[PDB]
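**Student:** A single structure is presented below for examination.
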Amino acid sequence: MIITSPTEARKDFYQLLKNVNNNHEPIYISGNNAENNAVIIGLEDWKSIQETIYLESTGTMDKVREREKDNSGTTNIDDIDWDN
Amino acid sequence: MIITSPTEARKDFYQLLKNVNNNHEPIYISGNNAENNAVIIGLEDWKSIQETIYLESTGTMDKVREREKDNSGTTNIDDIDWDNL
Amino acid sequence: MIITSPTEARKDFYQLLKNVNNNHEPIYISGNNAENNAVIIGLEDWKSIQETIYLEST
Amino acid sequence: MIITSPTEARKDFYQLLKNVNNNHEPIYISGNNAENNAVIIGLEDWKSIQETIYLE
Amino acid sequence: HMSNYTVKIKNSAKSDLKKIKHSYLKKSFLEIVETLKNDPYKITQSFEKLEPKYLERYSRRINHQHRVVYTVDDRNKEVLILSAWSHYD
Amino acid sequence: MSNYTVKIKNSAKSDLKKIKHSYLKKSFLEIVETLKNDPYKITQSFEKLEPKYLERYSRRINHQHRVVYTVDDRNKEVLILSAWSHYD
DNA sequence: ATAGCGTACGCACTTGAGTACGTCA
DNA sequence: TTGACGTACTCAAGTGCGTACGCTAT
């Protein structure tokens, strides 16, 4: 857990940007006003996160989670008859 | 609508990127390999489209359209009883 | 989120157009100039987007 | 959302931290060093995103 | 008790406010309301004019995931909130 | 024949009905061909979903719909859990 | 007696932008 | 011939990066 002030984060900004992409751990910025606290995340890690919350907002993840424990059986994708 | 080939789009690429942001009209890229066809849209114009598509994808716009047509009434937001709902 | 400068996009412009159709992900063009900020969408995805906004309005 | 280079972001760094929270928008940092791209989001928005990832 | 605009919500959309409360988003939602009371067209909170433009539906962000969808009556200076929850459940 | 055996959950076969009637069958089939050869191939906007320890993955049919699947690396079996990212 | 801010410096490194060439099908 | 395609040149304009200053708030 790396937490830093906004002023020191500004002075180490280029090195913080390289840090999140090498360690894959976000940097937290905390200043005098807690409502301005921010997080720095690597772009590739952010892609996994955005895709996850998008599939959650559409209700897909709830279906995926329910289908994982529904005990309905599996069918090979070659045995699928598209005409039926 | 402005339509151009990929090769022509590559020659005038920097001028096309400034057209979508000034003319606010998409540029259509159509070439001999139609499977690679694409469209260029200004970023500010795209944000409204992506926001709308997200609200459509989540079923929110279906709720909005259905709520616009019902006769359920209206409550002032200051009169909301947060402790019971 | 795929972000590239206009200069880097023009060096691999043809591969960019193929990737946006095979991966179905928009590609954001952004460089030193805010007048170049744009997005590149595949035509089939763009038509699917246009139909969603238009069909459900009718 | 906003896409900008780290040099431009550093000139308005304090306003950046306020905008990601007040606008609930991600601000993408993308410069010439394309491998060091990142995103800056508000902490409260990040907490909600965390709770969404681990909700069953 | 007095502001530039009257902010209201469709009663059928009040179901969204219960999900907002239990998600601890009430504070962020009320910040949207205060802006809607003062100026619903203010370029803040990721304000966006939804498509198609002629239907004049607008959107503001509670966070990255949820939006406040609303229309504005300019004659009566009233804001009609039609949605405050952007997840399917 | 192929490196991986691609299966779909029976309760998810109704998604294929919507894939067929939306002209996304060709796009969906190009994904299942990749899943037979390499489900970890960096194509089709392959993404590792969160939380990473559950090892769920997704690929884009188009801008809106995804193929959500898990991989049994031991038995070389890909299990498709969702092929339609809309509630209807 | 230090962060919070807007602003600046110096230079190596890259983009921006028009334009071009050679090869291929 | 063509578009498709990879590759190249050029110089003005901008970024990258560490580091700093003057001033206010603390």
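Every chain in the structure tokens takes a letter, A first, then B, and so on in the order presented; its residues are numbered from 1, and the ligands are numbered from 1 following the presented order.
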Write out, as a Markdown table, each residue of chain A that has an atom at most 12 Å from chain G, together with the closest pair of atoms and their distance in Å to one decimal, counting only C-alpha atoms (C1' of nucleotides), rows going by chain and rising number.
**Tutor:**
```
| residue | atom | partner | partner_atom | distance |
| --- | --- | --- | --- | --- |
| A:4 | CA | G:3 | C1' | 11.6 |
| A:5 | CA | G:3 | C1' | 8.2 |
| A:6 | CA | G:4 | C1' | 8.5 |
| A:7 | CA | G:3 | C1' | 6.7 |
| A:8 | CA | G:3 | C1' | 8.6 |
| A:9 | CA | G:3 | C1' | 11.5 |
| A:10 | CA | G:5 | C1' | 11.1 |
| A:30 | CA | G:3 | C1' | 11.9 |
| A:31 | CA | G:3 | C1' | 9.1 |
| A:32 | CA | G:4 | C1' | 9.0 |
| A:33 | CA | G:4 | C1' | 11.3 |
```
**Student:** Selected residues, N, CA and C atoms, written as a JSON list (two decimals), in the first residue's frame, please.
**Tutor:**
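Resulting contents of result_15.json:
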```json
[["chain", "number", "residue", "atom", "x", "y", "z"],
["A", 4, "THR", "N", 0.47, 8.68, -0.61],
["A", 4, "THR", "CA", 1.34, 9.84, -0.72],
["A", 4, "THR", "C", 0.49, 11.10, -0.79],
["A", 5, "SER", "N", 1.12, 12.22, -0.45],
["A", 5, "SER", "CA", 0.47, 13.52, -0.52],
["A", 5, "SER", "C", 0.39, 13.99, -1.97],
["A", 6, "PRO", "N", -0.53, 14.91, -2.28],
["A", 6, "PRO", "CA", -0.62, 15.40, -3.67],
["A", 6, "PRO", "C", 0.63, 16.12, -4.14],
["A", 7, "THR", "N", 1.29, 16.88, -3.26],
["A", 7, "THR", "CA", 2.47, 17.62, -3.68],
["A", 7, "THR", "C", 3.64, 16.69, -3.96],
["A", 8, "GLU", "N", 3.86, 15.69, -3.10],
["A", 8, "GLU", "CA", 4.94, 14.73, -3.35],
["A", 8, "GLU", "C", 4.60, 13.81, -4.51],
["A", 9, "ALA", "N", 3.31, 13.52, -4.73],
["A", 9, "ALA", "CA", 2.92, 12.76, -5.91],
["A", 9, "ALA", "C", 3.18, 13.54, -7.18],
["A", 10, "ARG", "N", 3.05, 14.87, -7.13],
["A", 10, "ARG", "CA", 3.34, 15.68, -8.31],
["A", 10, "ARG", "C", 4.83, 15.67, -8.63],
["A", 30, "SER", "N", -3.66, 11.12, -0.90],
["A", 30, "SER", "CA", -4.47, 11.66, 0.18],
["A", 30, "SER", "C", -3.94, 13.04, 0.55],
["A", 31, "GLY", "N", -4.82, 14.04, 0.52],
["A", 31, "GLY", "CA", -4.44, 15.40, 0.84],
["A", 31, "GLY", "C", -5.25, 15.99, 1.98],
["A", 32, "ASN", "N", -5.21, 17.31, 2.13],
["A", 32, "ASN", "CA", -5.88, 17.97, 3.24],
["A", 32, "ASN", "C", -7.40, 17.84, 3.17],
["A", 33, "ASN", "N", -7.96, 17.66, 1.98],
["A", 33, "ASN", "CA", -9.40, 17.47, 1.80],
["A", 33, "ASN", "C", -9.63, 16.05, 1.31]]
```
**Student:** Based on the backbone DSSP call, show me all residues of chain C assigned helix (DSSP H, G or I), as a PyMOL selection string.
**Tutor:** chain C and resi 6-11+13-22+34-36+43-55
**Student:** Please produce a file of those selected residues containing N, CA, C and O atoms, as a tab-separated table (two decimals), in the first residue's frame.
**Tutor:**
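What landed in again_10.tsv:
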```
chain	number	residue	atom	x	y	z
C	6	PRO	N	-1.78	10.42	-32.97
C	6	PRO	CA	-2.03	10.42	-34.42
C	6	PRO	C	-0.82	9.96	-35.23
C	6	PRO	O	-0.99	9.27	-36.24
C	7	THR	N	0.39	10.32	-34.80
C	7	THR	CA	1.59	9.92	-35.53
C	7	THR	C	1.79	8.41	-35.47
C	7	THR	O	2.09	7.78	-36.49
C	8	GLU	N	1.64	7.83	-34.28
C	8	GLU	CA	1.78	6.38	-34.16
C	8	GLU	C	0.65	5.65	-34.86
C	8	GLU	O	0.84	4.52	-35.34
C	9	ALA	N	-0.53	6.26	-34.93
C	9	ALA	CA	-1.65	5.64	-35.65
C	9	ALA	C	-1.43	5.66	-37.15
C	9	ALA	O	-1.86	4.74	-37.85
C	10	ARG	N	-0.77	6.69	-37.67
C	10	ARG	CA	-0.59	6.78	-39.12
C	10	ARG	C	0.49	5.82	-39.61
C	10	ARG	O	0.47	5.42	-40.78
C	11	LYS	N	1.42	5.44	-38.73
C	11	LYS	CA	2.45	4.47	-39.11
C	11	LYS	C	1.87	3.08	-39.30
C	11	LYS	O	2.35	2.32	-40.14
C	13	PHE	N	-1.67	2.50	-39.83
C	13	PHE	CA	-3.06	2.88	-40.06
C	13	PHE	C	-3.89	1.70	-40.54
C	13	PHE	O	-5.01	1.49	-40.07
C	14	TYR	N	-3.35	0.91	-41.48
C	14	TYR	CA	-4.11	-0.21	-42.02
C	14	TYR	C	-4.32	-1.30	-40.97
C	14	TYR	O	-5.41	-1.88	-40.88
C	15	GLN	N	-3.29	-1.59	-40.17
C	15	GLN	CA	-3.46	-2.57	-39.10
C	15	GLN	C	-4.43	-2.08	-38.04
C	15	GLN	O	-5.15	-2.88	-37.43
C	16	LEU	N	-4.48	-0.76	-37.81
C	16	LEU	CA	-5.44	-0.20	-36.87
C	16	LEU	C	-6.87	-0.47	-37.32
C	16	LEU	O	-7.71	-0.90	-36.53
C	17	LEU	N	-7.16	-0.22	-38.60
C	17	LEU	CA	-8.51	-0.43	-39.12
C	17	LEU	C	-8.92	-1.89	-39.06
C	17	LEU	O	-10.09	-2.20	-38.83
C	18	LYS	N	-7.97	-2.81	-39.27
C	18	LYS	CA	-8.29	-4.23	-39.14
C	18	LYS	C	-8.54	-4.60	-37.68
C	18	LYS	O	-9.46	-5.37	-37.38
C	19	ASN	N	-7.75	-4.04	-36.76
C	19	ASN	CA	-7.87	-4.40	-35.35
C	19	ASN	C	-9.19	-3.92	-34.77
C	19	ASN	O	-9.79	-4.62	-33.94
C	20	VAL	N	-9.66	-2.74	-35.17
C	20	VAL	CA	-10.91	-2.22	-34.62
C	20	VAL	C	-12.11	-3.06	-35.07
C	20	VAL	O	-13.15	-3.04	-34.40
C	21	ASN	N	-11.98	-3.80	-36.17
C	21	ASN	CA	-13.06	-4.68	-36.62
C	21	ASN	C	-12.92	-6.09	-36.07
C	21	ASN	O	-13.93	-6.77	-35.85
C	22	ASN	N	-11.69	-6.57	-35.85
C	22	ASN	CA	-11.49	-7.91	-35.33
C	22	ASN	C	-11.62	-7.96	-33.81
C	22	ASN	O	-12.04	-8.99	-33.26
C	34	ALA	N	-5.47	18.95	-28.90
C	34	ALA	CA	-6.83	18.55	-28.57
C	34	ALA	C	-7.76	18.61	-29.77
C	34	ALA	O	-8.85	18.02	-29.73
C	35	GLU	N	-7.35	19.29	-30.84
C	35	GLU	CA	-8.15	19.32	-32.06
C	35	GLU	C	-8.10	17.99	-32.82
C	35	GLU	O	-8.90	17.79	-33.73
C	36	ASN	N	-7.19	17.09	-32.46
C	36	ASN	CA	-7.10	15.79	-33.11
C	36	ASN	C	-7.82	14.69	-32.34
C	36	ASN	O	-7.93	13.57	-32.85
C	43	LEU	N	-17.05	-0.28	-38.72
C	43	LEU	CA	-18.30	0.10	-39.35
C	43	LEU	C	-19.46	-0.77	-38.89
C	43	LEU	O	-20.56	-0.26	-38.62
C	44	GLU	N	-19.24	-2.08	-38.77
C	44	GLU	CA	-20.31	-2.97	-38.31
C	44	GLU	C	-20.73	-2.63	-36.89
C	44	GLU	O	-21.92	-2.60	-36.57
C	45	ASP	N	-19.75	-2.37	-36.01
C	45	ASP	CA	-20.07	-1.93	-34.66
C	45	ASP	C	-20.77	-0.57	-34.67
C	45	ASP	O	-21.70	-0.34	-33.89
C	46	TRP	N	-20.32	0.34	-35.54
C	46	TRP	CA	-20.94	1.66	-35.62
C	46	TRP	C	-22.38	1.57	-36.09
C	46	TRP	O	-23.25	2.28	-35.57
C	47	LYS	N	-22.66	0.70	-37.06
C	47	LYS	CA	-24.03	0.53	-37.52
C	47	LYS	C	-24.90	-0.13	-36.45
C	47	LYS	O	-26.07	0.22	-36.30
C	48	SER	N	-24.32	-1.07	-35.70
C	48	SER	CA	-25.05	-1.66	-34.58
C	48	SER	C	-25.37	-0.62	-33.52
C	48	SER	O	-26.45	-0.64	-32.91
C	49	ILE	N	-24.44	0.31	-33.28
C	49	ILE	CA	-24.68	1.38	-32.32
C	49	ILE	C	-25.76	2.33	-32.83
C	49	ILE	O	-26.66	2.72	-32.08
C	50	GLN	N	-25.69	2.70	-34.11
C	50	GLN	CA	-26.69	3.61	-34.67
C	50	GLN	C	-28.08	2.99	-34.65
C	50	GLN	O	-29.07	3.69	-34.39
C	51	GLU	N	-28.18	1.69	-34.92
C	51	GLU	CA	-29.49	1.04	-34.93
C	51	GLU	C	-30.08	0.95	-33.53
C	51	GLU	O	-31.30	1.07	-33.36
C	52	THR	N	-29.24	0.75	-32.51
C	52	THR	CA	-29.75	0.67	-31.14
C	52	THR	C	-30.39	1.98	-30.71
C	52	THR	O	-31.47	1.99	-30.11
C	53	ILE	N	-29.74	3.11	-31.01
C	53	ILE	CA	-30.28	4.40	-30.61
C	53	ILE	C	-31.50	4.77	-31.44
C	53	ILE	O	-32.43	5.42	-30.94
C	54	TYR	N	-31.55	4.34	-32.70
C	54	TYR	CA	-32.62	4.73	-33.61
C	54	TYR	C	-33.83	3.80	-33.56
C	54	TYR	O	-34.97	4.27	-33.58
C	55	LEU	N	-33.61	2.49	-33.49
C	55	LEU	CA	-34.73	1.55	-33.51
C	55	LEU	C	-35.59	1.68	-32.26
C	55	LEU	O	-36.83	1.66	-32.35
```
**Student:** Sorted by chain and rising residue number, list the residues of chain B at most 10 Å from chain G (counting only C-alpha atoms (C1' of nucleotides)), each with its closest atom pair and distance in Å to one decimal, as a tab-separated table.
**Tutor:**
```
residue	atom	partner	partner_atom	distance
B:11	CA	G:18	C1'	8.6
B:12	CA	G:18	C1'	9.0
B:13	CA	G:17	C1'	9.5
B:14	CA	G:17	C1'	7.3
B:15	CA	G:17	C1'	9.4
```
**Student:** Could those residues be written to a file, using N, CA and C atoms, as a PDB file, in the first residue's frame?
**Tutor:**
```
ATOM      1  N   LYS B  11      -3.434   9.832 -46.116  1.00  0.00           N
ATOM      2  CA  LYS B  11      -2.777  11.023 -46.645  1.00  0.00           C
ATOM      3  C   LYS B  11      -3.246  12.282 -45.926  1.00  0.00           C
ATOM      4  N   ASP B  12      -4.541  12.373 -45.632  1.00  0.00           N
ATOM      5  CA  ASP B  12      -5.134  13.544 -44.994  1.00  0.00           C
ATOM      6  C   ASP B  12      -5.594  13.229 -43.574  1.00  0.00           C
ATOM      7  N   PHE B  13      -4.790  12.459 -42.837  1.00  0.00           N
ATOM      8  CA  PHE B  13      -5.223  11.967 -41.532  1.00  0.00           C
ATOM      9  C   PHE B  13      -5.341  13.100 -40.520  1.00  0.00           C
ATOM     10  N   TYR B  14      -4.316  13.951 -40.429  1.00  0.00           N
ATOM     11  CA  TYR B  14      -4.355  15.041 -39.460  1.00  0.00           C
ATOM     12  C   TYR B  14      -5.444  16.051 -39.792  1.00  0.00           C
ATOM     13  N   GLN B  15      -5.794  16.190 -41.070  1.00  0.00           N
ATOM     14  CA  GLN B  15      -6.871  17.097 -41.439  1.00  0.00           C
ATOM     15  C   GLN B  15      -8.241  16.481 -41.185  1.00  0.00           C
TER      16      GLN B  15
END
```
**Student:** Starting from chain H, keep only residues with some atom at most 9 Å from an atom of chain C, counting only C-alpha atoms (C1' of nucleotides), and report them as a list in words.
**Tutor:** residues 4, 5, 6, 7, 14 and 15 of chain H
**Student:** Could those residues be written to a file, using N, CA, C and O atoms (P, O5', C5', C4', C3', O3' and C1' of nucleotides), as a short mmCIF file (atom, residue, chain, number, x, y, z; two decimals), in the first residue's frame?
**Tutor:**
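Dumped to part_28.cif:
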```cif
data_model
loop_
_atom_site.label_atom_id
_atom_site.label_comp_id
_atom_site.auth_asym_id
_atom_site.auth_seq_id
_atom_site.Cartn_x
_atom_site.Cartn_y
_atom_site.Cartn_z
P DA H 4 -7.78 1.15 -50.37
"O5'" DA H 4 -6.54 0.16 -50.15
"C5'" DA H 4 -6.64 -1.19 -50.58
"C4'" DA H 4 -5.36 -1.95 -50.27
"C3'" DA H 4 -4.87 -1.82 -48.83
"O3'" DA H 4 -4.51 -3.11 -48.33
"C1'" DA H 4 -3.13 -1.28 -50.33
P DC H 5 -4.28 -3.33 -46.76
"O5'" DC H 5 -2.75 -2.93 -46.54
"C5'" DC H 5 -1.74 -3.64 -47.24
"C4'" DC H 5 -0.37 -3.00 -47.08
"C3'" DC H 5 -0.11 -2.31 -45.75
"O3'" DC H 5 0.51 -3.23 -44.85
"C1'" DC H 5 0.95 -1.26 -47.66
P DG H 6 1.08 -2.75 -43.43
"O5'" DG H 6 2.61 -2.41 -43.73
"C5'" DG H 6 3.44 -3.39 -44.33
"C4'" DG H 6 4.79 -2.81 -44.70
"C3'" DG H 6 5.55 -2.17 -43.54
"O3'" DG H 6 6.91 -2.62 -43.55
"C1'" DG H 6 5.36 -0.62 -45.32
P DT H 7 7.92 -2.14 -42.40
"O5'" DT H 7 8.57 -0.81 -43.00
"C5'" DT H 7 9.09 -0.83 -44.32
"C4'" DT H 7 9.48 0.56 -44.76
"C3'" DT H 7 10.24 1.39 -43.72
"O3'" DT H 7 11.61 1.48 -44.08
"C1'" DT H 7 8.67 2.68 -44.98
P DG H 14 3.56 24.25 -30.16
"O5'" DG H 14 3.80 23.00 -29.20
"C5'" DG H 14 3.03 21.82 -29.36
"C4'" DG H 14 3.75 20.62 -28.77
"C3'" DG H 14 3.88 20.64 -27.24
"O3'" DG H 14 2.91 19.78 -26.65
"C1'" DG H 14 5.87 19.85 -28.35
P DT H 15 2.89 19.55 -25.06
"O5'" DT H 15 3.85 18.29 -24.84
"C5'" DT H 15 3.60 17.08 -25.54
"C4'" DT H 15 4.65 16.03 -25.23
"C3'" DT H 15 4.72 15.59 -23.76
"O3'" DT H 15 4.89 14.18 -23.70
"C1'" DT H 15 6.84 16.36 -24.46
#
```
**Student:** Which distance in Å separates CA of residue 59 (chain B) and CA of residue 64 (chain F), to one decimal?
**Tutor:** 12.6 Å
**Student:** Excluding same-chain residues fewer than 6 positions from residue 8 (chain F), what lies within 6 Å of it counting only C-alpha atoms (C1' of nucleotides), as a PyMOL selection string?
**Tutor:** (chain A and resi 74-75) or (chain F and resi 79-80)
**Student:** Which residue, D:5, D:51, D:41, D:25, has the smallest gap to residue 47 (chain B) when you use only C-alpha atoms?
**Tutor:** D:25
**Student:** Could I get the residues of chain F with an atom no further than 12 Å from an atom of chain E, each paired with its nearest atom pair and that distance in Å to one decimal, using only C-alpha atoms, sorted by chain and residue number, as a tab-separated table?
**Tutor:**
```
residue	atom	partner	partner_atom	distance
F:85	CA	E:88	CA	11.4
F:86	CA	E:88	CA	9.5
F:87	CA	E:88	CA	7.8
F:88	CA	E:88	CA	11.2
```
**Student:** Quick check: residues of chain H within 12 Å of chain A, only C-alpha atoms (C1' of nucleotides), returned as JSON, numbers by chain.
**Tutor:** {"H": [16, 17, 18, 19, 20, 25, 26]}
**Student:** I'd like a table as JSON lines: residues in chain F with an atom no more than 8 Å from chain C, each row giving the shortest atom pair and its distance in Å to one decimal, only C-alpha atoms counted, sorted by chain and rising residue number.
**Tutor:**
```
{"residue": "F:43", "atom": "CA", "partner": "C:23", "partner_atom": "CA", "distance": 6.5}
{"residue": "F:44", "atom": "CA", "partner": "C:23", "partner_atom": "CA", "distance": 4.0}
{"residue": "F:45", "atom": "CA", "partner": "C:23", "partner_atom": "CA", "distance": 5.0}
{"residue": "F:60", "atom": "CA", "partner": "C:24", "partner_atom": "CA", "distance": 6.3}
{"residue": "F:61", "atom": "CA", "partner": "C:24", "partner_atom": "CA", "distance": 7.3}
{"residue": "F:62", "atom": "CA", "partner": "C:24", "partner_atom": "CA", "distance": 5.2}
{"residue": "F:63", "atom": "CA", "partner": "C:24", "partner_atom": "CA", "distance": 5.2}
```
**Student:** Write down as a ChimeraX atom specification the residues belonging to region 17-53 of chain C that are assigned strand (DSSP E) by DSSP computed on the backbone.
**Tutor:** /C:27-29,38-42
**Student:** Rank D:55, D:27, D:9, D:17 by their smallest atom-to-atom distance to chain A, using only C-alpha atoms, and report the top residue only.
**Tutor:**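 Between D:55, D:27, D:9, D:17, the residue approaching chain A most closely is D:17.
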